[PDB]
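# Analysis of the macromolecular model
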2 protein chains.
Amino acid sequence: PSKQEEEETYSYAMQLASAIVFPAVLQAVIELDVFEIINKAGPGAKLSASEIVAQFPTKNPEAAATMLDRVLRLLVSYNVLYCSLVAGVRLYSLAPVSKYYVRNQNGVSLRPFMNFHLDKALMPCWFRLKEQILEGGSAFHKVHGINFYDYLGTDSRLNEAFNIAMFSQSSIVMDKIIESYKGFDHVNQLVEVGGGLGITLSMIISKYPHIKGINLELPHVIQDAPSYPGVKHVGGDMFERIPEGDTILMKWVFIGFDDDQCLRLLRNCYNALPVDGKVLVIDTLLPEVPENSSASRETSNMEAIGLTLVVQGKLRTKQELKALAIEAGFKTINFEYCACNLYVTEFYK
Amino acid sequence: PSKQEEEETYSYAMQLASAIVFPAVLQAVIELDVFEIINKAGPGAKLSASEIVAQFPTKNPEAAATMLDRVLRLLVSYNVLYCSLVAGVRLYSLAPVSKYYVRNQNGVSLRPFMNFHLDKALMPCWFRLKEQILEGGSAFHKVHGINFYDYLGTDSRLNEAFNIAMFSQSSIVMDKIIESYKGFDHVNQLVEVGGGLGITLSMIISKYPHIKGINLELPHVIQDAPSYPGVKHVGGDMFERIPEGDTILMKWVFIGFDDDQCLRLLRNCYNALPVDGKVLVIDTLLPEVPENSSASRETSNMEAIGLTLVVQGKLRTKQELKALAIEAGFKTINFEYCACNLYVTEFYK
Ligand SMILES: C[S@@+](CC[C@H](N)C(=O)[O-])C[C@H]1O[C@@H](n2cnc3c(N)ncnc32)[C@H](O)[C@@H]1O
Ligand SMILES: C[S@@+](CC[C@H](N)C(=O)[O-])C[C@H]1O[C@@H](n2cnc3c(N)ncnc32)[C@H](O)[C@@H]1O
Ligand SMILES: COc1cc2c(cc1O)[C@H](Cc1ccc(O)cc1)NCC2
Ligand SMILES: COc1cc2c(cc1O)[C@H](Cc1ccc(O)cc1)NCC2
């Protein structure tokens, strides 16, 4: 239908045939510090490819500038950069989505998050999904012979790379969640299970300094975590024991586990909480239907990552989460959307 | 910047951090024959993930259908498939773009074209663009110590993969080009340089049976080329000599060469043509501005594949092609948009 629409469909089909190049181009530009260079130049700066290349460690800036101008035009057509023309020369500025890959005040961005999925330890795993669907099991396990968190405890390089990737995504999002979710008035001893390096707790204690915090984590994660104020790092296993407190918190944890792991975990929360304790679960809820939206696209990608790394896991619906709580001991359950495609799921005991 | 805009920007930024999973997923689904399976069922058919897995060699259809429903939800988010909910069951149908990856009457689709970009010899090349922007040169040459087309004369597996990739793409578009471009009246002897396996000449000769056709091409390409009536496969080199004809044809050839190579090539064309000869160059022109369109994303994807495989090449504007015509001796130049993001540039002698 329609010649305009039929041409758009042909081009999208061609776009899909070579969509492997977009991650490769995005990573190369980002890791050439191009977004840092445009950003440092000042608020709303517009820099030519020749200007940007002046700051590269290159012995042939002529070739680099002609090469770079091609991939910067690519990022413009994918809405990552803006373009302005001054005498037939193209001047590029940061578009909204690029600011998530510019280092902020502390030097944090989504860069180590994107670079984790492009790691040499993970790249061959994405492309064994056909074998995984047909033969069951896990792509990550097919490639490495050990499951995901188990493998991390054997490779410090990838453990560290994963940890910075979680750390970076957490810092970027918790500022918007903390501003959305006003539910720490009745928190005094917060316990975060599978909290990574510790930044989620630290940022809650920074806005709510009455809170003391415990970070329950596997020991290979907490090995050299920073010594945040009011944060105690505890090395154990949330399927064995959870330290005692009045509130338990879980971000990007519940989605990694099957129903039987999830119930053993919520019963350990129940036993660690007091008669009025509560559990907080920060996660995306499973959408009832996929759709053509970047939220839906973000969610599906996460689903695909989960399939590849921890097949056991799943994104769950409201009804799936409520029933898991009730069987574990909890009485009340609430769902509060807290921005960034994320909910806070409250299991009141 | 509304809160909806700020939310869409975050979700896009998250989509970009994991954009490597989309090629992996589109490939795994295409190679499980899912687009064939839904297509067999009839125009507009909506199948459940369990119906689809009925035709897999899986040995565990239940795990297969769980896993497959996650990746099919992904393709619905990226507008490759449709999803309809019936009695709480998700039924998937083919969206217009997926039709390009369903084998047609002759068994051709963009499947081997996409699969070429995911080849084990091309994959390490895409993710070296930072190293090649800094040091100049070709990522392909850096990975495979020979330039692109010369390596093809050394790797019979990759030669076939590539030749089929070009065969598939030209079959798709050549029907629409011929339908839009009536500039083949008058032509008697058509010489096509870099014609590949020859399906594009064959197709022209099928609607214009009067035309005789020469397919000047590298020996390792025409070695096992098909035999089309009215098409003579000539092993050679367009930079040494182009056989005489009243019309010369180039598709996806010119963009692979720097300005000096194009002048030598156009000189050879000028000397092979009669007083009223003409050269036809089928190629995407360089757009003056990148835009947010699948057209411009397709164009940019190609510019980046160019950087990775043959750095010296370039897409060119009308003024740049005009200047190369004049320098080579041609009298008139014309530009006619055909279809499929392609132009015919006519060099008139
Ligand atoms: C994907 S991460 C989430 C990290 C952090 N919550 C965030 O959102 O950035 C899941 C974390 O849970 C931790 N984890 C997994 N199993 C665990 C267990 N049995 N006991 C303690 N921690 C565990 C992992 O080490 C990992 O860092
Ligand atoms: C990308 S392809 C285009 C194939 C075909 N025109 C199409 O569009 O499907 C470029 C072709 O030009 C051929 N080629 C490259 N250099 C050549 C030369 N010096 N003489 C003849 N053919 C050449 C290559 O073998 C390759 O098949
Ligand atoms: C979006 O990027 C990641 C997100 C997460 C992880 C890894 C990533 O690369 C790991 C494994 C996992 C991923 C997805 C899923 O559905 C379940 C578990 N844990 C939690 C979320
Ligand atoms: C879209 O996919 C391909 C298109 C083409 C080729 C390889 C691909 O993978 C080869 C190398 C090349 C690619 C791009 C470019 O700008 C110049 C040369 N020749 C012509 C067109």
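Residues numbered from 1 in each chain as written, not as in the entry; some residues may be left out. Chains lettered and ligands numbered in written order. Heavy atoms only, no water. Residues with missing side-chain atoms left out of burial classes, pairs and counts.

- Deposited coordinates in this entry are attributed by the record to X-ray crystallography, at a stated resolution of 1.80 Å.

## Observations concerning the relation of the copies chain A and chain B
- For these two chains of identical sequence, chain A goes onto chain B by a turn of 179° and a shift of 0.0 Å along the axis, with RMSD 0.5 Å. Put plainly, the chains are arranged around a two-fold axis. The position closest to the rotation axis in chain A is occupied by the C-alpha of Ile20(A), lying 3.3 Å away.
- Interface residue correspondence from chain A to chain B reaches 97%, placing this contact among same-surface, isologous pairings. (Least-squares fit on C-alpha atoms. Contact = heavy atoms within 4.5 Å.)

## Overview of the domain arrangement of chain A
- Per the domain assignment, the segments of chain A are domain 1 (3-101) and domain 2 (174-348).
- Centre-to-centre separation of domain 1 of chain A and domain 2 of chain A, based on C-alpha positions: 37 Å. (Domains from an automatic or database assignment.)

## Here's the deal with the packing of aromatic side chains
- Counted by the stated rule, this structure contains 33 aromatic pairs over all chains.
- Both rings, one in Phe148(A) and one in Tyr149(A), keep their centres 5.3 Å apart while their planes meet at 55°; by these two values the pair is tilted.
- By the ring-pair criterion, three or more aromatic residues cluster together here, those being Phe116(A), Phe140(A), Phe148(A), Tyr149(A), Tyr151(A) and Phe162(A).
- When the ring centre of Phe239(A) is taken as origin, the NZ or CZ atom of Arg264(A), which lies over that ring, is 5.4 Å away.
- Positioned above the aromatic ring of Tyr270(B), the side-chain terminus of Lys349(B) is 4.0 Å from the ring centre. (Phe/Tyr/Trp six-rings, centres within 6.5 Å; stacked < 30°, edge-to-face > 60°. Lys NZ or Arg CZ within 6 Å of the ring centre and 35° of its normal.)

## What to know about the environment of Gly235(A)
Residue and element names in this part refer to chain A.
- Of note, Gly235 is situated in strand β6 (residues 231-235).
- For the pair formed by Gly235 and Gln223, sequence separation is 12 residues and the distance between their alpha carbons is 8.6 Å.
- Excluding residues that lie within four positions of it along the chain, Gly235 makes contacts with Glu217, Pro219 and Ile222. (Helix = DSSP H or I, 4+ residues; strand = E, 2+ residues; numbered from the N terminus.)

## Looking at the interface of chain A and chain B
- Taken residue by residue, the interface counts 90 residues in chain A and 90 residues in chain B.
- The element best represented in the side of chain A that touches chain B is helix α1 (residues 3-17) of chain A, accounting for 12 residues.
- Looking at side-chain class alone, the side of chain A that touches chain B contains 54 nonpolar, 21 polar and 15 charged residues. (Nonpolar A, V, L, I, M, F, W, Y, C, P; charged D, E, K, R; others polar.)

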